[PDB]
Amino acid sequence: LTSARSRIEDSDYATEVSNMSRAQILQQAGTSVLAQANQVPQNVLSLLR
Amino acid sequence: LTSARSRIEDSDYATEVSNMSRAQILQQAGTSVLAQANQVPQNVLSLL
């Protein structure tokens, strides 16, 4: 019964690590592109001048 | 929804800059021609 409950409550450390890897790589990208996206209005203002 | 509304609310800055410049040139030109016109009857009355 312990083994069965463990099958129900124990997961693939590998699968979780994979999901976190993908999420981590995505997050930095999101931050950087947000930073870049702020620039577009700035350049349209430069055009305004 | 926000993008859809934006597509109808705001005003394209490049186009507006172009139109503003155009209107400025036209206004200066008009002032100049009014001055020239005024000069015209001045010359004709001098001819008189």
# chains A, B, ... in the order shown; residues from 1 in each chain; ligands from 1
>>> interface_residues(of="chain A", to="chain B", cutoff="9 Å", atoms="only C-alpha atoms", output="list in words")
residues 44, 45, 47 and 48 of chain A
>>> write_last_selection(atoms="N, CA and C atoms", output="CSV table (one decimal), in the first residue's frame")
chain,number,residue,atom,x,y,z
A,44,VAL,N,9.3,56.5,-31.6
A,44,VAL,CA,8.3,57.3,-32.3
A,44,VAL,C,8.4,58.7,-31.8
A,45,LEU,N,8.7,58.9,-30.5
A,45,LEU,CA,8.9,60.3,-30.0
A,45,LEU,C,10.1,60.9,-30.6
A,47,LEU,N,11.1,60.4,-33.5
A,47,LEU,CA,10.6,60.9,-34.8
A,47,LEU,C,9.8,62.2,-34.6
A,48,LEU,N,9.0,62.2,-33.6
A,48,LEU,CA,8.2,63.4,-33.4
A,48,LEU,C,9.2,64.6,-33.3
>>> atom_distance(atom1="atom CA of residue 43 of chain B", atom2="atom CA of residue 24 of chain B")
29.1 Å
>>> decode(residues="segment 25-49 of chain A", atoms="N, CA and C atoms", output="PDB file, in the first residue's frame")
ATOM      1  N   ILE A  25      13.905  29.499 -19.063  1.00  0.00           N
ATOM      2  CA  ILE A  25      14.408  30.117 -20.283  1.00  0.00           C
ATOM      3  C   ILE A  25      13.392  31.111 -20.825  1.00  0.00           C
ATOM      4  N   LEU A  26      12.103  30.801 -20.694  1.00  0.00           N
ATOM      5  CA  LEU A  26      11.089  31.728 -21.188  1.00  0.00           C
ATOM      6  C   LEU A  26      11.065  33.032 -20.394  1.00  0.00           C
ATOM      7  N   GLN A  27      11.265  32.964 -19.075  1.00  0.00           N
ATOM      8  CA  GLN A  27      11.056  34.145 -18.236  1.00  0.00           C
ATOM      9  C   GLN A  27      12.045  35.261 -18.559  1.00  0.00           C
ATOM     10  N   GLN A  28      13.327  34.922 -18.702  1.00  0.00           N
ATOM     11  CA  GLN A  28      14.320  35.941 -19.021  1.00  0.00           C
ATOM     12  C   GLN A  28      14.010  36.586 -20.363  1.00  0.00           C
ATOM     13  N   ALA A  29      13.612  35.773 -21.340  1.00  0.00           N
ATOM     14  CA  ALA A  29      13.187  36.310 -22.623  1.00  0.00           C
ATOM     15  C   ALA A  29      12.060  37.311 -22.435  1.00  0.00           C
ATOM     16  N   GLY A  30      11.063  36.954 -21.633  1.00  0.00           N
ATOM     17  CA  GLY A  30       9.950  37.867 -21.434  1.00  0.00           C
ATOM     18  C   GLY A  30      10.401  39.193 -20.861  1.00  0.00           C
ATOM     19  N   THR A  31      11.245  39.144 -19.831  1.00  0.00           N
ATOM     20  CA  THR A  31      11.744  40.382 -19.238  1.00  0.00           C
ATOM     21  C   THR A  31      12.457  41.233 -20.282  1.00  0.00           C
ATOM     22  N   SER A  32      13.370  40.617 -21.033  1.00  0.00           N
ATOM     23  CA  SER A  32      14.156  41.378 -21.997  1.00  0.00           C
ATOM     24  C   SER A  32      13.276  41.989 -23.080  1.00  0.00           C
ATOM     25  N   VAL A  33      12.315  41.226 -23.601  1.00  0.00           N
ATOM     26  CA  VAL A  33      11.485  41.776 -24.667  1.00  0.00           C
ATOM     27  C   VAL A  33      10.544  42.841 -24.129  1.00  0.00           C
ATOM     28  N   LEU A  34      10.114  42.742 -22.872  1.00  0.00           N
ATOM     29  CA  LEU A  34       9.365  43.854 -22.293  1.00  0.00           C
ATOM     30  C   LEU A  34      10.219  45.115 -22.303  1.00  0.00           C
ATOM     31  N   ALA A  35      11.468  44.976 -21.857  1.00  0.00           N
ATOM     32  CA  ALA A  35      12.375  46.114 -21.852  1.00  0.00           C
ATOM     33  C   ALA A  35      12.502  46.701 -23.250  1.00  0.00           C
ATOM     34  N   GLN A  36      12.677  45.840 -24.248  1.00  0.00           N
ATOM     35  CA  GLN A  36      12.798  46.329 -25.616  1.00  0.00           C
ATOM     36  C   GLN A  36      11.509  46.985 -26.092  1.00  0.00           C
ATOM     37  N   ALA A  37      10.360  46.397 -25.764  1.00  0.00           N
ATOM     38  CA  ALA A  37       9.084  46.926 -26.216  1.00  0.00           C
ATOM     39  C   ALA A  37       8.860  48.340 -25.728  1.00  0.00           C
ATOM     40  N   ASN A  38       9.332  48.668 -24.528  1.00  0.00           N
ATOM     41  CA  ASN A  38       9.213  50.059 -24.100  1.00  0.00           C
ATOM     42  C   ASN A  38       9.876  51.010 -25.091  1.00  0.00           C
ATOM     43  N   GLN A  39      10.881  50.541 -25.830  1.00  0.00           N
ATOM     44  CA  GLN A  39      11.651  51.436 -26.685  1.00  0.00           C
ATOM     45  C   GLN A  39      10.863  51.954 -27.880  1.00  0.00           C
ATOM     46  N   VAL A  40       9.908  51.190 -28.393  1.00  0.00           N
ATOM     47  CA  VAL A  40       9.243  51.559 -29.640  1.00  0.00           C
ATOM     48  C   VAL A  40       8.605  52.935 -29.480  1.00  0.00           C
ATOM     49  N   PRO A  41       7.801  53.158 -28.439  1.00  0.00           N
ATOM     50  CA  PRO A  41       7.270  54.513 -28.229  1.00  0.00           C
ATOM     51  C   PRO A  41       8.358  55.565 -28.143  1.00  0.00           C
ATOM     52  N   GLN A  42       9.480  55.239 -27.502  1.00  0.00           N
ATOM     53  CA  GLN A  42      10.553  56.215 -27.372  1.00  0.00           C
ATOM     54  C   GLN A  42      11.052  56.646 -28.741  1.00  0.00           C
ATOM     55  N   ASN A  43      11.193  55.697 -29.664  1.00  0.00           N
ATOM     56  CA  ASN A  43      11.671  56.050 -30.992  1.00  0.00           C
ATOM     57  C   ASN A  43      10.618  56.803 -31.785  1.00  0.00           C
ATOM     58  N   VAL A  44       9.341  56.483 -31.589  1.00  0.00           N
ATOM     59  CA  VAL A  44       8.324  57.282 -32.264  1.00  0.00           C
ATOM     60  C   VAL A  44       8.376  58.717 -31.761  1.00  0.00           C
ATOM     61  N   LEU A  45       8.668  58.908 -30.476  1.00  0.00           N
ATOM     62  CA  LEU A  45       8.872  60.262 -29.968  1.00  0.00           C
ATOM     63  C   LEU A  45      10.089  60.910 -30.611  1.00  0.00           C
ATOM     64  N   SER A  46      11.178  60.155 -30.743  1.00  0.00           N
ATOM     65  CA  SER A  46      12.353  60.682 -31.426  1.00  0.00           C
ATOM     66  C   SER A  46      11.968  61.199 -32.802  1.00  0.00           C
ATOM     67  N   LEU A  47      11.134  60.439 -33.510  1.00  0.00           N
ATOM     68  CA  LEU A  47      10.635  60.898 -34.800  1.00  0.00           C
ATOM     69  C   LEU A  47       9.845  62.189 -34.634  1.00  0.00           C
ATOM     70  N   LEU A  48       8.950  62.221 -33.648  1.00  0.00           N
ATOM     71  CA  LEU A  48       8.219  63.446 -33.353  1.00  0.00           C
ATOM     72  C   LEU A  48       9.153  64.645 -33.341  1.00  0.00           C
ATOM     73  N   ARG A  49      10.103  64.636 -32.410  1.00  0.00           N
ATOM     74  CA  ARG A  49      11.020  65.748 -32.174  1.00  0.00           C
ATOM     75  C   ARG A  49      10.520  67.079 -32.728  1.00  0.00           C
TER      76      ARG A  49
END
